[PDB]
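**Q** Structure provided below as structure tokens; questions to follow.
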Number of protein chains: 2
Amino acid sequence: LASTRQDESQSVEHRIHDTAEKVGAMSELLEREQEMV
Amino acid sequence: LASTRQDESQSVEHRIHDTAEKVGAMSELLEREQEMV
């Protein structure tokens with residue numbers, strides 16, 4: 001199971017889905033922090 | 001060899017894999033720097 005989960009983790013369709021959530025978190029944090037400072 | 005490596009560097013499946021690591025580094029650095037300031 002570990003080998004299959006890492007092999008599907010090395011795919012394209014998973015990695016776009018990861019970067020979307022990461023960019024969303026960065027955008028919200030950037031806006032909230034810029035508001036504070 | 002140099003021509004083939006730059007031609008595969010101009011692809012889609014490589015470039016998504018590059019942007020994922022770059023966004024991850026930016027997110028971790030943003031969180032650590034926001035913690036410090």
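Identifiers for the structure tokens are assigned positionally: chains receive A, B, ... in sequence, residues are indexed from 1 per chain, and ligands are indexed from 1 in the order shown.
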Which residues come within 12 Å of region 24-27 of chain B, counting only C-alpha atoms, excluding same-chain residues fewer than 2 positions away, as a VMD selection string?

**A** (chain A and resid 15 18 to 30) or (chain B and resid 17 to 22 29 to 34)

**Q** Generate the output file for the selected residues, C-alpha atoms, as an mmCIF file, in the first residue's frame.

**A**
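Wrote it out as selection.cif, contents follow:
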```cif
data_model
loop_
_atom_site.group_PDB
_atom_site.id
_atom_site.type_symbol
_atom_site.label_atom_id
_atom_site.label_comp_id
_atom_site.auth_asym_id
_atom_site.auth_seq_id
_atom_site.Cartn_x
_atom_site.Cartn_y
_atom_site.Cartn_z
ATOM 1 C CA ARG A 15 0.146 17.667 -7.593
ATOM 2 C CA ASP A 18 -1.935 20.112 -3.808
ATOM 3 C CA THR A 19 -0.588 23.398 -5.196
ATOM 4 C CA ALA A 20 -4.083 24.912 -5.405
ATOM 5 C CA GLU A 21 -4.730 24.552 -1.670
ATOM 6 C CA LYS A 22 -1.210 25.733 -0.850
ATOM 7 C CA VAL A 23 -1.604 28.909 -2.950
ATOM 8 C CA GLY A 24 -5.013 29.548 -1.364
ATOM 9 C CA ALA A 25 -3.555 29.321 2.145
ATOM 10 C CA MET A 26 -0.682 31.628 1.155
ATOM 11 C CA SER A 27 -3.077 34.197 -0.335
ATOM 12 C CA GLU A 28 -5.364 34.295 2.710
ATOM 13 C CA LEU A 29 -2.393 34.478 5.092
ATOM 14 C CA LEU A 30 -0.762 37.237 3.006
ATOM 15 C CA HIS B 17 6.725 19.492 -10.732
ATOM 16 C CA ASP B 18 8.994 22.538 -10.489
ATOM 17 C CA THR B 19 6.237 24.948 -9.419
ATOM 18 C CA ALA B 20 5.029 22.581 -6.682
ATOM 19 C CA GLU B 21 8.371 22.589 -4.857
ATOM 20 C CA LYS B 22 8.742 26.340 -5.356
ATOM 21 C CA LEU B 29 9.330 30.519 4.411
ATOM 22 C CA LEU B 30 6.264 32.794 4.626
ATOM 23 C CA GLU B 31 5.013 31.014 7.757
ATOM 24 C CA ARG B 32 8.439 31.007 9.451
ATOM 25 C CA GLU B 33 9.091 34.678 8.625
ATOM 26 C CA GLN B 34 5.602 35.760 9.723
#
```

**Q** In Å to one decimal, how far is CA of residue 4 (chain B) from CA of residue 16 (chain A)?

**A** 25.4 Å
